[PDB]
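Colleague: here is my input; please provide its structure:
(one chain, ligands or ions: 9)
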Amino acid sequence: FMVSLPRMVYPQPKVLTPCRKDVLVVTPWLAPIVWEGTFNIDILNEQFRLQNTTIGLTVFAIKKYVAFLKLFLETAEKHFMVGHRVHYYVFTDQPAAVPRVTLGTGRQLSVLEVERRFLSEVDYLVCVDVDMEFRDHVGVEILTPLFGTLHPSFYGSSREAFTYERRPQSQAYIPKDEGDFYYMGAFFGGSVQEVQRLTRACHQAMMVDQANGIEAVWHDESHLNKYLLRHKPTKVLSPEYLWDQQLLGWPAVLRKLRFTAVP
Ligand SMILES: O=c1ccn([C@@H]2O[C@H](COP(=O)(O)OP(=O)(O)O)[C@@H](O)[C@H]2O)c(=O)[nH]1
Ligand SMILES: CO[C@@H]1O[C@H](CO)[C@@H](O[C@@H]2O[C@H](CO)[C@H](O)[C@H](O)[C@H]2O)[C@H](O)[C@H]1O
Ligand SMILES: [Cl-]
Ligand SMILES: [Hg+2]
Ligand SMILES: [Hg+2]
Ligand SMILES: [Hg+2]
Ligand SMILES: [Hg+2]
Ligand SMILES: [Hg+2]
Ligand SMILES: [Mn+2]
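Modeller: Numbering: from 1, shown residues only. Ligands and ions are numbered 1, 2, ... in the order given. What follows is the structure:
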């Protein structure tokens, strides 16, 4: 049961005026491709707040990667799901090394030293790399049952150029005539149920490869791509959500650089 939205005043959408004329904003299976200009964040914030949505953000920080936590968490506080309930889950081998970052109200952080817990604590799970920083808004526009993010190095490439696992002996195998996009393993998510299904499928597939004495060319990312090929994501995030300005600059097609690699 979803409550009704309140009266809102905003620009009327124009049926005969395309959102963006420079990029694809919807996939062939009718999943929105999230680019700046395609969404009214006020409407989306209302929809998700009315459901008291809680987003879990998971990050792994092992060995020297614990050094990336301060900037990651501090910038997430400024740009990630602001206004909504957020639960950070930091998986680390050095609990005492996690920085003391000040959090806004309605936001919490749990340290797990290295789950049915996720199902009862959050509505959506967002899984990202820790050696990153938020530079702009990353909000509820990304929430959906299952989403993948376009790899910044292949968004304009042909499927034949995609670095999928090409060996038939691997469970992550994808032939040259298949593939929608090349998703980067550094940023994916969805409902807890869908994320756990994906993680479970990949874990089992990797065990099979290991038993067959083979390791996918790009490990977890290769399996993620195989999964998303066979289970189409309900939303795809544009490269605005996974960029590297030092290596790729700032092209016009990107109106905002939201989540980037740390040099
Ligand atoms: O020694 C390591 C190596 C990797 N990671 C985690 O694994 C992620 C992905 O691997 P990495 O970032 O090192 O390579 P990349 O994703 O940039 O190709 C890192 O962001 C961390 O979240 C970690 O915690 N400790
Ligand atoms: C310009 O060539 C591209 O350079 C990128 C940055 O080194 C490479 O990024 C890697 O891409 C891999 C998959 O092909 C993995 O995603 C890996 O984690 C990335 O660092 C890119 O491969 C290469 O084509
Ligand atoms: Cl992750
Ligand atoms: Hg638009
Ligand atoms: Hg996760
Ligand atoms: Hg994760
Ligand atoms: Hg998989
Ligand atoms: Hg995966
Ligand atoms: Mn990384």
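Colleague: quick one: buried residues of stretch 187-206?
Modeller: 187-192, 194-199, 201-202, 205-206 (16 or more other CB atoms under 10 Å). (C-beta placed from N, C-alpha, C; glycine too.)
Colleague: cool, stretch 151-165 as well?
Modeller: Per 16+ other CB under 10 Å, stretch 151-165 contains these buried residues: 151-155, 159, 162, 164-165.
Colleague: residue 240: which of the residues you listed is nearest?
Modeller: Nearest to residue 240 among the buried residues of stretch 151-165, counting by CB to CB, is residue 152 at 9.7 Å.
Colleague: so the closest one touches residue 239, yeah?
Modeller: Yes: taking contacts as CB atoms under 8 Å, residue 152 lies within contact range of residue 239: 4.6 Å.
Colleague: thinking again about what came up before, now the buried residues of stretch 151-165 in JSON lines, with secondary structure?
Modeller: Converted to JSON lines, these look like this (DSSP: H, G, I helix; E, B strand; the rest coil):
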{"residue": "151", "secondary structure": "coil"}
{"residue": "152", "secondary structure": "coil"}
{"residue": "153", "secondary structure": "coil"}
{"residue": "154", "secondary structure": "coil"}
{"residue": "155", "secondary structure": "coil"}
{"residue": "159", "secondary structure": "helix"}
{"residue": "162", "secondary structure": "coil"}
{"residue": "164", "secondary structure": "coil"}
{"residue": "165", "secondary structure": "strand"}
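Colleague: for ligand 4, what is the nearest residue in the protein?
Modeller: residue 19 (2.9 Å; CB to the ion).
Colleague: quick check: phi and psi at that residue.
Modeller: When read as degrees, to the nearest 10, the backbone of residue 19 gives phi -60, psi -60.
Colleague: what is the neighbour count of it?
Modeller: Number of residues near residue 19 (other CB atoms under 10 Å) recorded here: 14.
Colleague: briefly note if stretch 39-54 comes near ligand 4.
Modeller: No: residues of stretch 39-54 are not located near ligand 4 by CB under 5 Å from the ion, the shortest gap being 8.0 Å.
Colleague: about what we covered before: tabulate the buried residues of stretch 151-165 (JSON lines), appending distance to ligand 9.
Modeller: Formatted as JSON lines, these follow (distance: CB to the ion, whole Å):
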{"residue": "151", "distance to ligand 9": "12"}
{"residue": "152", "distance to ligand 9": "12"}
{"residue": "153", "distance to ligand 9": "13"}
{"residue": "154", "distance to ligand 9": "16"}
{"residue": "155", "distance to ligand 9": "18"}
{"residue": "159", "distance to ligand 9": "24"}
{"residue": "162", "distance to ligand 9": "19"}
{"residue": "164", "distance to ligand 9": "19"}
{"residue": "165", "distance to ligand 9": "20"}
